[PDB]
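Novice: Below is a structure I'd like to ask you about.
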Amino acid sequence: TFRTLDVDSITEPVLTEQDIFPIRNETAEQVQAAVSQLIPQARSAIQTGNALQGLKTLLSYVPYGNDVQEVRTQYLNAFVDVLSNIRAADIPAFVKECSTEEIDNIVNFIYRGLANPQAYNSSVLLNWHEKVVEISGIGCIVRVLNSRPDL
Amino acid sequence: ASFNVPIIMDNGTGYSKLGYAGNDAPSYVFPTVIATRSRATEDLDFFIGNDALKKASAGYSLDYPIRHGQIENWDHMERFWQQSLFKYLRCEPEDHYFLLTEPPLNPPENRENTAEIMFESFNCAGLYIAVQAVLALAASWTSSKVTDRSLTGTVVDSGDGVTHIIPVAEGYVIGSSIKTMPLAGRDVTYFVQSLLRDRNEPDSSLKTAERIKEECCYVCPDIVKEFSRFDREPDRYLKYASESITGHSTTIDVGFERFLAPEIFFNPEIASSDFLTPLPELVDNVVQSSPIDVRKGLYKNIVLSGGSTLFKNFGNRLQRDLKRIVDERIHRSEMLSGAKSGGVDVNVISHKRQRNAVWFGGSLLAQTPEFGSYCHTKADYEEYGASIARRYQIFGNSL
Amino acid sequence: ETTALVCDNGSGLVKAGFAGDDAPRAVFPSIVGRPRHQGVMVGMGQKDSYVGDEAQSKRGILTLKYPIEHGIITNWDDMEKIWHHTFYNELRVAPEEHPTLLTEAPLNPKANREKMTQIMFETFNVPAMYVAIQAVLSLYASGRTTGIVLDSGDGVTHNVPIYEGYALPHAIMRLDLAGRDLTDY
Amino acid sequence: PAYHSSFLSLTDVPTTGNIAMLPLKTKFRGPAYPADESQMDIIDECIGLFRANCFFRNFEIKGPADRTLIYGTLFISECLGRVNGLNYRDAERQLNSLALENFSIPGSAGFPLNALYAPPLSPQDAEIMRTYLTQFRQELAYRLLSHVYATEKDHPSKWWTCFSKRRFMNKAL
Amino acid sequence: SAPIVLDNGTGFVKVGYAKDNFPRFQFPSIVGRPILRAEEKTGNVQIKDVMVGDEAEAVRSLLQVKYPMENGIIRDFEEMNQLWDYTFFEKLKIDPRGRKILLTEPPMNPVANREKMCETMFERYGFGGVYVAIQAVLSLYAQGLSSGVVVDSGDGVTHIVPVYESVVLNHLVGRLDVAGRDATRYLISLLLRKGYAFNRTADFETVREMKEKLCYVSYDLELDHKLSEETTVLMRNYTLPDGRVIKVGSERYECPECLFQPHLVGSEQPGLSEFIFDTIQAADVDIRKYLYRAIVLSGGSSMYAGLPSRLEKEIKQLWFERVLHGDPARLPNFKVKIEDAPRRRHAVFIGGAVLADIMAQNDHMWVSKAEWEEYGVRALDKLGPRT
Amino acid sequence: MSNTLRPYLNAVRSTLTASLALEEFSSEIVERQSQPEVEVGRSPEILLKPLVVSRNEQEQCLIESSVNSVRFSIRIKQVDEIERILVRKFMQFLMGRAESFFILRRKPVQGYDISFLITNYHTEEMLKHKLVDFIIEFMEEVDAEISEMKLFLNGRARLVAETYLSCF
Amino acid sequence: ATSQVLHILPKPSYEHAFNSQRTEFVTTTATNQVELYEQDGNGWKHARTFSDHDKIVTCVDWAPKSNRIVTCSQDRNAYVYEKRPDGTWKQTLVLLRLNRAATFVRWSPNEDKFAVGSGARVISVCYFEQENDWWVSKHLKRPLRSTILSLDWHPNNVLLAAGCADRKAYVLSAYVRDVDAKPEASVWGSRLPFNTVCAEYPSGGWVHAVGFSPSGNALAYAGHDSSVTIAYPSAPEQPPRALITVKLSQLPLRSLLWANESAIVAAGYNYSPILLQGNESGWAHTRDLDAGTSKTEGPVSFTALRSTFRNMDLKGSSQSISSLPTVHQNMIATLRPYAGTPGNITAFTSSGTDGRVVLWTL
Ligand SMILES: Nc1ncnc2c1ncn2[C@@H]1O[C@H](COP(=O)(O)OP(=O)(O)OP(=O)(O)O)[C@@H](O)[C@H]1O
Ligand SMILES: Nc1ncnc2c1ncn2[C@@H]1O[C@H](COP(=O)(O)OP(=O)(O)O)[C@@H](O)[C@H]1O
Ligand SMILES: Nc1ncnc2c1ncn2[C@@H]1O[C@H](COP(=O)(O)OP(=O)(O)O)[C@@H](O)[C@H]1O
Ligand SMILES: [Mg+2]
Ligand SMILES: [Mg+2]
Ligand SMILES: [Mg+2]
């Protein structure tokens with residue numbers, strides 16, 4: 001009886017995720033508009049056979065947050081399509097011509113794309129993951145392990 | 001609607017006693033051993049029981065699945081169950097309810113494995129697990145018509161692999177008082193075989209030792225006086241006829257074993273150093289650790305069980321020792337205080353169903369209509385998983 | 001880890017020791033020799049039989065006789081005495097505390113092996129024991145898996161050809177000529 | 001396991017080291033004070049109780065009389081291991097020869113039970129212990145020979161020598 | 001010179017003098033009679049007639065051990081006399097006649113035990129002073145606190161006593177008949193679950209050391225059942241001093257559970273936390289904070305890993321369930337602080353050592369030999385008129 | 001086996017070897033005690049984000065890490081219900097002997113069929129550069145076993161059918 | 001560089017410490033015991049053990065000036081050891097008053113006081129009162145939020161760098177009256193009362209280690225994201241001039257040691273130490289000091305043959321087991337100086353879970 005009904009959850013409020021990572025200064029409408037502006041540029045770049053430039057442009061800004069679920073899903077769908085619309089033979093040059101933070105975003109989002117395979121194509125994500133881990137190293141996956149949960 | 005008759009399983013260390021509820025005797029009482037090799041595939045070339053015993057030198061190697069009451073190897077146990085069910089018992093598992101029994105103090109892992117084998121390999125309608133004892137208390141009372149149930153006493157279940165002293169008070173079993181000695185008919189059988197070994201008898205087969213117990217051994221008051229009586233009295237020197245395989249009229253001259261073997265129960269130091277408390281003293285400790293109000297009921301009714309309590313003068317000696325110890329304690333209290341008392345009597349009880357009291361109690365219990373509600377239904381297993389029977393209930397309190 | 005006695009009761013020597021040792025720590029001739037003189041001298045606790053190195057040292061007035069004949073045991077009482085000596089006076093370990101590992105020549109009589117295990121169980125009360133073959137153990141010691149092993153001890157000479165793992169039982173050739181016959185010649 | 005010498009309750013009994021100088025009846029020569037001829041002496045009770053003591057594996061000592069009983073049990077085991085398969089006269093010859101042998105005593109390196117038996121205090125104590133043990137085991141062997149051939153002459157009874165392989169306490173002389 | 005202090009605990013014996021900090025000598029209260037069993041029995045040095053103390057616990061293989069004290073009282077007294085003789089004659093090897101000794105005793109012992117212990121101490125030793133004090137007040141002295149309730153859990157019996165501002169509430173002293181010995185017995189049973197059997201006498205000390213090294217108190221029952229039901233991380237390997245290894249699983253967190261759930265060992269009495277709560281609640285309304293605000297653990301049996309946290313959480317939870325009736329509004333207005341000093345095992349000894357020179361230099365505070373002999377057993381009332 | 005599972009297998013390998021940077025850490029809520037932090041989940045400041053690796057909808061690799069303990073549960077292919085029953089029974093037998101495996105859980109997390117749990121001590125004493133080797137080796141060999149055992153089922157069914165029918 | 005393996009401990013060692021004369025060194029193990037070792041010619045041999053504690057020993061540090069050893073363990077108690085004139089050592093408990101297990105301890109450069117990290121939300125700083133022969137602890141609980149994972153003193157003897165497990169690096173002033181005099185004005189600050197928030201810096205993971213530069217005007221900390229950040233303070237309540245962050249491609253770093261005024265050596269789960277060369281402008285990984293990808297007719301002995309059969313029987317390969325290239329076999333514990341004047345270090349030791357104590361010769 002009295003063994004159940006735990007009380008430790010209220011007397012000492014445990015640290016909650018916003019206490020660990022910096023809070024998002026941008027507003028929901030601002031980031032939503034920014035993503036809604038970035039995505040069609042990526043789609044158009046895919047249409048004109050310049051998928052590398054489209055991915056580079058889409059990689060410049062990356063949204064996050066617990067209140068931006070829908071726009072994050074649209075961003076992820078666009079990113080998955082852009083990456084799947086890239087020839088495989090040109091990957092190493094792209095990977096080598098990036099900064100560490102950009103590669104971190106790439107690996108983070110491809111790994112999140114791996115989490116939902118009932119709607120995506122896993123083969124291209126796995127191939128990209130293999131090549132980026134081969135070239136950049138394991139530090140990218142380390143950063144993935146130590147990234148924000150909302151990312 | 002009208003269900004089929006429940007089936008009473010029993011898997012002892014030495015003997016397994018199958019049967020049905022409502023029967024007046026087990027259908028099969030055969031040793032718990034399976035023969036196995038090492039154009040029928042090696043999956044099926046196995047024999048159990050008396051067939052295995054006869055087919056021993058034809059190309060099979062016997063093995064006992066159960067030792068000390070706990071099952072070690074699982075292939076042997078599952079093959080034993082399937083052979084029994086589909087060969088001797090002749091029942092379809094999906095249309096019957098089973099009442100398995102297994103000794104207390106077993107790991108919950110063993111019960112989980114038994115339940116999952118029964119509900120997956122066979123998937124019977126329902127499985128109920130009872131403690132070897134209990135059934136002993138149920139079968140204790142003979143003229144059980146409507147009312148004359150003791151429902152309070154002690155059951156000394158001594159068998160082939162392990163013996164258990166379990167007190168019961170008003171039905172419920174007091175866990176904190178449960179104690180078990182790891183010596184039984186098999187250990188004293190090994191002792192008898194060693195005694196035949198030292199005398200260099202022409203035959204020393206284990207079956208010969210078992211039969212030597214079957215028609216020779218008896219309990220004695222004390223060992224030195226019995227040795228003196230054996231020295232003086234010359235007609236206590238028997239020669240058992242063996243006829244092992246081809247040694248016709250190779251009589252085995254038995255000796256002091258006839259009284260040295262049963263004394264292990266009342267003197268466990270001989271068997272090994274793993275235990276050193278004599279059985280009457282251990283029973284006294286069990287009764288004393290019990291709550292104060294039920295001690296009279298525990299002492300008044302003591303029920304023997306198992307096939308290893310059939311020794312002559314076993315009950316007499318046990319009752320004498322317990323009565324002496326309780327008198328010693330009561331008199332010590334009396335001279336400490338200085339007042340008389342009415343005292344407590346002890347009645348060790350033996351009945352006509354000593355050998356298979358567990359099976360008879362199970363058969364009597366299964367016939368009750370309320371027994372069906374207590375079984376583990378297959379829907380419960382498929383819903384709550386294979387760990388439905390892991391919470392050990394009779395001895396100790398969970399969590 | 002689980003030390004076991006390794007007793008190789010060869011026809012000329014009894015090599016013994018624990019499992020895992022680099023070399024056996026108990027090697028001595030398999031000889032039981034009783035005195036053959038009246039011995040009018042009194043005192044000094046003259047024993048009635050001497051086994052092993054003591055027998056070899058006192059062989060001046062001892063009637064030495066091997067208890068084994070071409071790998072086959074013929075002096076079971078003498079062999080029990082030798083086994084008792086090996087367990088107690090040379091290894092100084094209780095038999096009922098460690099298992100043993102015996103060897104016997106191929107194509108040996110079955111009663112020999114049956115009585116060997118019967119004695120080692122009934123008498124010394126050993127926990128467990130195994131009866132291997134000399135050629136298999138020689139293959140073990142050679143660090144190989146295939147090849148035909150030529151084994152020639154004091155008692156008998158035998159070849160057991162063994163391919164990868166498998167041993168052919170129809171190609172075992174046993175020849176009784178051995179070191180004792182060479183000594184007689 | 002509760003079997004013990006009935007003379008552990010004796011008072012004012014002399015002792016050497018931690019072994020009691022209990023009375024003994026014998027035709028041999030030694031320091032033991034002769035006991036009553038109608039009583040149940042240490043050697044007779046030790047012989048009678050050996051056939052039940054050799055089967056236990058847990059013994060708790062209560063005094064020097066228990067040490068004497070243990071020594072007697074060890075000697076009985078040794079004799080039963082030696083007297084096997086012999087005649088009567090040959091049995092007495094061999095047992096007397098082995099008993100008279102210069103054996104090991106408490107306080108010496110060769111004694112297996114040196115932990116429980118204290119060394120003698122003085123050389124005179126050592127010598128009196130020497131003669132006590134010699135007399136004790138001589139009479140014990142004589143009594144055992146008298147008892148074991150109670151029915152025949154040319155062979156030991158196999159019932160009494162089946163205990164030869166029994167290794168009492170796994171520690172003996 | 002300085003007065004001697006003795007703490008004859010059920011499972012251990014501690015002794016020292018005034019102004020001391022750590023016990024001078026500690027050793028189990030065991031008596032070893034010689035015995036020969038199926039062992040090798042190497043003659044290390046010698047086996048004497050009666051071996052007690054450190055020598056007994058070291059040579060325990062070749063001797064049987066009997067515990068003179070059970071449930072906080074002395075069962076057989078000759079062995080305990082041998083124990084005092086050992087402690088006074090070789091542990092400290094100083095045995096003057098006329099020195100001052102301060103004894104200890106759990107609260108609700110029989111009068112006969114204390115009376116005849118004092119009689120033995122007077123007649124057989126001839127000491128010129130005596131004083132018997134409760135372990136609880138000594139535990140209170142250990143931290144120097146004045147007001148607060150202190151719980152003492154030892155080998156024999158666990159007791160709790162509330163004291164408020166230098167006034168001992170003699171009518172609210174506690175006595176819970178579950179201690180380290182019951183936990184050890186339950187551990188032996190729980191090992192008998194798997195198959196290991198410890199029926200010898202040295203095996204009792206072996207499993208006591210096992211529980212010392214491995215067993216721990218749970219903090220959340222359901223979490224640990226889940227851990228032991230799905231994960232094998234809880235398995236530990238322990239090698240016996242004989243050299244044999246066994247497997248221990250749920251026994252680690254199920255052994256000391258009997259302290260909090262005494263129904264496991266067949267005890268009708270309430271658990272540790274429930275009994276503490278009842279004892280505190282039975283007191284007057286004024287002192288209830290200072291009873292809650294200062295709870296001091298003491299004794300060897302309180303050294304269980306994770307015991308203070310479980311005790312604090314459980315007492316807060318039980319207060320929430322019993323007083324607030326499920327309302328979480330007033331929970332943050334409760335102050336409970338369980339004290340967990342590192343030497344709560346020897347708090348009794350420390351308190352005795354402090355009291356040794358607190359009340360020294362004035363023999364007219366305790367009983368003397370002449371006063372004892374001319375006022376009989378009834379002279380033993382100057383100590384304290386406790387209930 | 002391989003020549004077939006390159007990208008999925010290498011992704012699992014890399015993620016596992018990156019997630020095995022464990023450390024000794026006590027309990028932040030209970031004193032003088034240390035517990036696997038991935039299983040309790042009471043202190044979120046030391047729990048790395050859960051990570052999932054997949055190749056197809058029926059194959060997943062949930063990788064949950066922490067400061068001291070890592071739990072790694074996978075799903076294996078079950079194309080037809082024969083393989084479903086075979087996988088369930090086989091993986092039950094696999095987890096039934098977790099005592100001798102040291103990196104197994106007796107019960108997998110819901111929605112899966114197996115869950116490894118590498119506590120610190122395993123990396124402390126057992127060299128961990130082949131724990132992952134065993135992981136990938138098992139992830140391919142398990143499908144191998146399921147196929148082989150269904151072949152054996154077909155074979156035994158054929159044998160018993162022939163044995164029954166020939167004795168008319 | 002060049003490395004020599006000093007000894008092969010049978011069990012993992014999370015810490016080590018050498019005396020001032022570099023004659024004998026103390027190390028910890030998995031259990032509650034603390035091990036001592038002394039030179040035996042060209043090698044080392046066991047010296048003695050300490051069983052005073054009850055639970056797992058966490059950290060041990062040796063004071064070189066006074067030749068004293070402190071030990072903080074999981075049992076929430078601290079022991080201080082000083083050798084007796086005869087040769088033995090005298091134990092001394094320190095009442096830390098902690099509520100959870102201690103994690104890391106360090107002696108001040110003046111060895112007058114030592115601070116103790118803990119998982120009880122707090123840090124305990126202890127000094128010695130000669131008037132009472134007591135050790136008293138003070139709790140630092142104002143800015144702290146999570147478990148302490150590392151400690152680092154300052155040459156001014158007052159500032160204390162605390163590496164917390166809340167992804168934030170902490171610097172606090174541990175100055176106490178009656179022990180330390182007033183410290184000089186510092187770039188970190190001048191007004192330094194006890195328990196003041198000197199600075200706070202973020203990170204991408206748990207701050208495994210922190211470290212002040214030999215000049216004492218900088219901080220270097222490493223998170224769990226395999227990134228080492230070098231901080232350059234400017235003024236109190238003033239953002240640092242430059243926060244240089246170098247991100248690596250290996251396993252996360254564990255401990256940081258300052259090779260000189262402009263060099264940092266740090267090692268972690270990569271089984272190797274690294275070196276950082278740079279200045280205020282920036283930093284970059286310089287060299288892999290562990291040789292990188294080194295990948296380093298006869299009778300067979302009985303032991304080797306038995307090993308081959310055991311591998312064949314228990315296995316299906318019977319091949320070489322590991323042949324790992326790196327000198328260490330598991331994660332490294334810490335890096336400590338071995339010899340050389342401050343700012344001039346050429347030798348530094350290290351310990352790891354494999355038990356190897358590998359000296360590194362720059
Ligand atoms: N760290 C520990 N973990 C578990 N149990 C412990 C620990 N330390 C001590 N104990 C237990 O405490 C007991 C020792 O208690 P102690 O002897 O001090 O009590 P006592 O003085 O006998 O009590 P009393 O005064 O009531 O007789 C031991 O039996 C031991 O089992
Ligand atoms: N008449 C008898 N007297 C003594 N012991 C017997 C007798 N009959 C059988 N036994 C032994 O007692 C054991 C107990 O019988 P039983 O209860 O059927 O065995 P189990 O304990 O294995 O269930 C038998 O297995 C046998 O070894
Ligand atoms: N160096 C040697 N030179 C010649 N003959 C030897 C040599 N070593 C041993 N022998 C012979 O080998 C015999 C011993 O063989 P052994 O290894 O004991 O075989 P087994 O163990 O099967 O009896 C002895 O009779 C001896 O004559
Ligand atoms: Mg039975
Ligand atoms: Mg040979
Ligand atoms: Mg106490």
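All residue names refer to the structure tokens as shown: chains lettered A, B, ... in order, residues numbered from 1 in each chain, ligands numbered from 1 in order.
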Which residues are near ligand 4 - at most 12 Å, using only C-alpha atoms and all ligand atoms? Format: as a PyMOL selection string.
Specialist: chain B and resi 10-17+31-32+66-70+101-104+131-133+136+156-164+182-186+305-309+355-359
Novice: Taking only C-alpha atoms and all ligand atoms into account, which residues have an atom no farther than 10 Å from ligand 6? I'd like them as a compact mmCIF listing (two decimals) with C-alpha atoms, in the first residue's frame.
Specialist:
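See part.txt below for the written result:
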```txt
# COMPACT_ATOMS: atom_id res chain seq x y z
CA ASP E 7 30.37 -3.04 25.28
CA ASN E 8 29.47 -6.75 25.30
CA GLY E 9 27.39 -6.80 22.15
CA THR E 10 25.64 -9.90 20.89
CA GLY E 11 27.85 -10.49 17.86
CA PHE E 12 30.94 -8.51 18.83
CA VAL E 13 32.84 -7.35 21.90
CA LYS E 14 34.41 -3.89 22.14
CA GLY E 72 20.70 -9.42 23.21
CA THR E 104 26.04 -1.47 28.25
CA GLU E 105 22.66 -3.12 27.84
CA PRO E 106 19.68 -2.89 25.45
CA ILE E 134 21.49 2.01 27.42
CA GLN E 135 23.13 1.88 23.99
CA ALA E 136 20.75 4.59 22.76
CA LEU E 138 25.58 6.42 24.16
CA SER E 139 24.65 6.73 20.49
CA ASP E 152 20.45 1.20 17.11
CA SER E 153 20.55 -1.96 14.98
CA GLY E 154 23.03 -4.66 15.93
CA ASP E 155 23.62 -8.37 15.58
CA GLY E 156 21.22 -9.38 18.35
CA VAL E 157 18.29 -6.96 18.44
CA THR E 158 17.35 -3.55 17.03
CA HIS E 159 16.01 -0.89 19.38
CA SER E 298 23.69 3.64 14.90
CA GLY E 299 25.05 0.14 15.22
CA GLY E 300 26.76 -2.26 12.86
CA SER E 301 23.56 -3.48 11.21
CA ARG E 344 27.63 4.73 13.55
CA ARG E 345 28.85 1.16 14.04
CA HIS E 346 30.95 2.13 17.09
CA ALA E 347 28.65 4.92 18.28
CA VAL E 348 27.86 2.90 21.41
CA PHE E 349 31.54 2.61 22.26
```
Novice: Counting only C-alpha atoms, a student should be able to say which residues of chain A come within 6 Å of chain G; what is the right answer, written as a PyMOL selection string?
Specialist: chain A and resi 137-139+142-143+146
Novice: Could those residues be written to a file, using N, CA and C atoms, as a PDB file, in the first residue's frame?
Specialist:
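Wrote again21.pdb, looks like this:
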```pdb
ATOM      1  N   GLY A 137      35.203  10.336 -40.232  1.00  0.00           N
ATOM      2  CA  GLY A 137      35.634   9.610 -39.056  1.00  0.00           C
ATOM      3  C   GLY A 137      34.476   9.302 -38.131  1.00  0.00           C
ATOM      4  N   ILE A 138      34.826   8.874 -36.914  1.00  0.00           N
ATOM      5  CA  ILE A 138      33.826   8.482 -35.923  1.00  0.00           C
ATOM      6  C   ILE A 138      33.341   9.662 -35.096  1.00  0.00           C
ATOM      7  N   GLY A 139      34.060  10.784 -35.136  1.00  0.00           N
ATOM      8  CA  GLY A 139      33.654  11.943 -34.365  1.00  0.00           C
ATOM      9  C   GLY A 139      32.286  12.464 -34.750  1.00  0.00           C
ATOM     10  N   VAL A 142      30.021  10.505 -32.767  1.00  0.00           N
ATOM     11  CA  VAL A 142      30.123  10.969 -31.385  1.00  0.00           C
ATOM     12  C   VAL A 142      29.252  12.202 -31.177  1.00  0.00           C
ATOM     13  N   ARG A 143      29.352  13.166 -32.092  1.00  0.00           N
ATOM     14  CA  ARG A 143      28.509  14.356 -32.012  1.00  0.00           C
ATOM     15  C   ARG A 143      27.032  13.998 -32.090  1.00  0.00           C
ATOM     16  N   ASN A 146      25.996  13.033 -28.808  1.00  0.00           N
ATOM     17  CA  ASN A 146      25.925  14.167 -27.892  1.00  0.00           C
ATOM     18  C   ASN A 146      25.273  15.385 -28.536  1.00  0.00           C
TER      19      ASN A 146
END
```
Novice: Which is closest to ligand 2 among B:325, B:29, B:56, B:166, if we use only C-alpha atoms and all ligand atoms?
Specialist: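 Residue with the minimum atom-to-atom distance to ligand 2: B:29.
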Novice: Restricting the calculation to only C-alpha atoms, which member of D:28, D:149, D:33, D:55 is positioned closest to residue D:91?
Specialist: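 Looking only at the distances to residue D:91, the closest residue turns out to be D:149.
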Novice: Show me which residues are within 6 Å of ligand 3 counting only C-alpha atoms and all ligand atoms, and format the list as an MDAnalysis selection string.
Specialist: chainID C and resid 10:13 153:155 179:180
Novice: Tell me which of E:356, E:83, E:276, E:179 sits closest to ligand 1, counting only C-alpha atoms and all ligand atoms.
Specialist: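 Counting only C-alpha atoms and all ligand atoms, the residue closest to ligand 1 is E:179.
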Novice: Restricting the calculation to only C-alpha atoms and all ligand atoms, which member of C:156, C:79, C:139, C:94 is positioned closest to ligand 5?
Specialist: C:156
Novice: Find the residues near stretch 74-90 of chain F: any atom within 10 Å, counting only C-alpha atoms, skip ones fewer than 4 places away on the same chain, and give them as a PDB file with C-alpha atoms, in the first residue's frame.
Specialist:
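Okay, around19.pdb is ready:
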```
ATOM      1  CA  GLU B 120       3.973 -24.356 -25.849  1.00  0.00           C
TER       2      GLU B 120
ATOM      3  CA  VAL F  52      17.924   3.753 -34.276  1.00  0.00           C
ATOM      4  CA  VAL F  53      19.517   1.920 -37.216  1.00  0.00           C
ATOM      5  CA  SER F  54      17.397   0.238 -39.882  1.00  0.00           C
ATOM      6  CA  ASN F  56      13.999  -2.209 -43.907  1.00  0.00           C
ATOM      7  CA  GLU F  57      10.747  -1.751 -41.985  1.00  0.00           C
ATOM      8  CA  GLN F  58      11.098  -5.176 -40.312  1.00  0.00           C
ATOM      9  CA  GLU F  59      14.755  -4.683 -39.256  1.00  0.00           C
ATOM     10  CA  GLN F  60      15.580  -2.111 -36.571  1.00  0.00           C
ATOM     11  CA  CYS F  61      18.462  -1.522 -34.154  1.00  0.00           C
ATOM     12  CA  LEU F  62      17.530   0.584 -31.129  1.00  0.00           C
ATOM     13  CA  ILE F  63      20.726   1.885 -29.511  1.00  0.00           C
ATOM     14  CA  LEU F  94      19.110 -17.650 -26.556  1.00  0.00           C
ATOM     15  CA  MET F  95      18.018 -15.375 -23.713  1.00  0.00           C
ATOM     16  CA  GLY F  96      17.273 -18.273 -21.364  1.00  0.00           C
ATOM     17  CA  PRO F 108      13.785  -8.170 -24.429  1.00  0.00           C
ATOM     18  CA  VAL F 109      12.139  -4.761 -24.536  1.00  0.00           C
ATOM     19  CA  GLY F 111       8.223  -4.750 -29.686  1.00  0.00           C
ATOM     20  CA  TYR F 112      11.560  -6.511 -30.092  1.00  0.00           C
ATOM     21  CA  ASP F 113      12.928 -10.042 -29.659  1.00  0.00           C
ATOM     22  CA  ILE F 114      16.369  -9.500 -28.078  1.00  0.00           C
ATOM     23  CA  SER F 115      18.087  -6.780 -26.039  1.00  0.00           C
ATOM     24  CA  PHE F 116      21.786  -6.753 -25.255  1.00  0.00           C
ATOM     25  CA  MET F 139      22.930 -10.743 -36.601  1.00  0.00           C
ATOM     26  CA  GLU F 140      23.755 -12.662 -39.773  1.00  0.00           C
ATOM     27  CA  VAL F 142      20.560 -15.925 -36.864  1.00  0.00           C
ATOM     28  CA  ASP F 143      18.892 -15.652 -40.275  1.00  0.00           C
ATOM     29  CA  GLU F 145      19.822 -20.636 -38.508  1.00  0.00           C
ATOM     30  CA  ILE F 146      16.196 -19.804 -39.197  1.00  0.00           C
ATOM     31  CA  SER F 147      16.533 -20.888 -42.827  1.00  0.00           C
ATOM     32  CA  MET F 149      15.844 -25.036 -39.223  1.00  0.00           C
ATOM     33  CA  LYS F 150      12.921 -24.576 -41.589  1.00  0.00           C
TER      34      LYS F 150
END
```
Novice: Let me make sure I understand: among F:141, F:159, F:32, F:49, which one has the smallest atom-to-atom distance to ligand 1 if we use only C-alpha atoms and all ligand atoms?
Specialist: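 For ligand 1, the nearest of the candidates is F:32.
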Novice: Taking only C-alpha atoms into account, what are the residues of chain G at most 10 Å from chain E, put as a PyMOL selection string?
Specialist: chain G and resi 54-55+75-77+93-100
Novice: Can you check which residues of chain F have any atom within 9 Å of chain G? Use only C-alpha atoms and format it as a list in words.
Specialist: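 So the residues of chain F near chain G are residues 18, 21, 22, 25, 26, 27, 28, 29, 30, 31, 32, 33, 45, 46, 123, 124, 125, 127, 128, 129 and 130 of chain F.
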Novice: Kindly assemble as a Markdown table a list of the chain B residues that lie within 10 Å of chain C, each paired with its nearest atom pair and their distance in Å to one decimal, using only C-alpha atoms, sorted first by chain and then by ascending residue number.
Specialist:
```
| residue | atom | partner | partner_atom | distance |
| --- | --- | --- | --- | --- |
| B:194 | CA | C:122 | CA | 8.3 |
| B:197 | CA | C:122 | CA | 6.8 |
| B:198 | CA | C:123 | CA | 8.6 |
| B:200 | CA | C:122 | CA | 9.8 |
```
Novice: With 8 Å as the limit and counting only C-alpha atoms, what residues in chain E lie close to chain D? Please list them as a ChimeraX atom specification.
Specialist: /E:34-38,41-48
Novice: Would you mind telling me which residue in F:66, F:118, F:97, F:13 lies nearest to chain B when using only C-alpha atoms?
Specialist: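 Residue with the minimum atom-to-atom distance to chain B: F:97.
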Novice: Counting only C-alpha atoms and all ligand atoms, what are the residues, protein, DNA or RNA alike, that approach ligand 5 to within 12 Å? I want them as an MDAnalysis selection string.
Specialist: chainID C and resid 7:15 70:71 102:106 132:138 149:159 178:179
Novice: Mind checking which residues fall within 8 Å of stretch 59-69 of chain A, counting only C-alpha atoms, ignoring those fewer than 5 positions away in the same chain, and posting them as an MDAnalysis selection string?
Specialist: chainID A and resid 24 28 31:32 35 102 105:106 150:151
